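Given next, in structure tokens, is a single chain: the form deposited in one PDB entry.
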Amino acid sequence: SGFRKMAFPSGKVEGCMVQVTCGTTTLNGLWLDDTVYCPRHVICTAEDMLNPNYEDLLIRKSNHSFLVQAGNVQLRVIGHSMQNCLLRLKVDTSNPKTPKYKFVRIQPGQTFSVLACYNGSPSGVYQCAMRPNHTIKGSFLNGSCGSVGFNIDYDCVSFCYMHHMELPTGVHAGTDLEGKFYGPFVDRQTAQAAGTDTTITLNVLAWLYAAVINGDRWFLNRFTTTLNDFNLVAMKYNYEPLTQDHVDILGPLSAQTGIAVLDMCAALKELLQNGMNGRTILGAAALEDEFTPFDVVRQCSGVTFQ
């Protein structure tokens, strides 16, 4: 047995998924109250993409220019405006399934569930992480743009991501629900590539704590180490320099197990050098880095409120 990387229940977000078509282009859109958000490039097709000038293209678009459907029911768009890389379409209808929500920009390393969609229809839901290079390694085949990344805290949905394009790498680039891209990517099919990727040290550590929490603690030892000396080691195996801030995000976890952050660092330091000896951790073969210090708490407790 082991530990599962669970995705938030997609119910609440499913009820906000719609299809947005502009001529020959069709993608997904977020329907929150009387507005539909979607990648601004919905207004493009063919060579436009090879460096368009949205301002002008938009200025030559009208409401009837946008067809939008929720199921087999049209939503008449009665207004339109651009916000950075996002397009905000006003509709003659308020989404009665609109959940309590909010938009938050995420920081590299944090996580969220993605509800993959095609032609305004849900397809599957998965859990991923905003990679240190500002890209996500999801599964976004043809026309997944407009799909969104969210988190849930009680009855509130925190939309934090929206898929726009595919980087050569086979990784994705998107924005926050306020039209700002993540990383140095622009919504123009130009020569652009992801920077160098690293393992999210903070999450690997959170994962060990989770391992421990579950009785899988053979990899521990009596010694600690310097935040500095750990980094000189991580930097060799391609781990992100651990920081004071990081050590603090691990506080509740370090508190629940009684294992100080540095103590656990010495532990990781070895699972890195001194291979692993064919042994395991939460079953799996390698150290997982897509569970945050909050995901571990969240999943190791069916928490309050109701």
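Don't overthink the numbering: it's just position in the shown sequence, from 1.
The following text describes the form solved in complex with a small molecule, which does not appear among the structures shown.
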### Query
Looking at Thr257, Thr26, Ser65, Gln69, which is the one with a non-hydrogen atom within 4.5 Å of the small molecule in the deposited bound form?
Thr26
#### Entry: The unique member of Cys156, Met235, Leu141, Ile78 whose heavy atoms fall within 4.5 Å of the small molecule in the deposited bound form
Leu141
### Query
Taking the partner as it appears in the deposited bound form, which of 100 to 108, 204 to 212, 86 to 94, 158 to 166 has residues with heavy atoms within 4.5 Å of the small molecule?
158 to 166
### Message
Against the small molecule in the deposited bound form, would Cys145 count as a contact residue? Criterion: heavy atoms within 4.5 Å.
### Response
yes
### Task
Would you check, heavy atoms only and a 4.5 Å threshold, whether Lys269 touches the small molecule in the deposited bound form?
no
### Query
Would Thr190 show up as a contact with the small molecule in the deposited bound form if we use heavy atoms at 4.5 Å?
yes
### Message
Taking any heavy atom pair closer than or equal to 4.5 Å as contact, tell me whether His172 reaches the small molecule in the deposited bound form.
### Response
yes
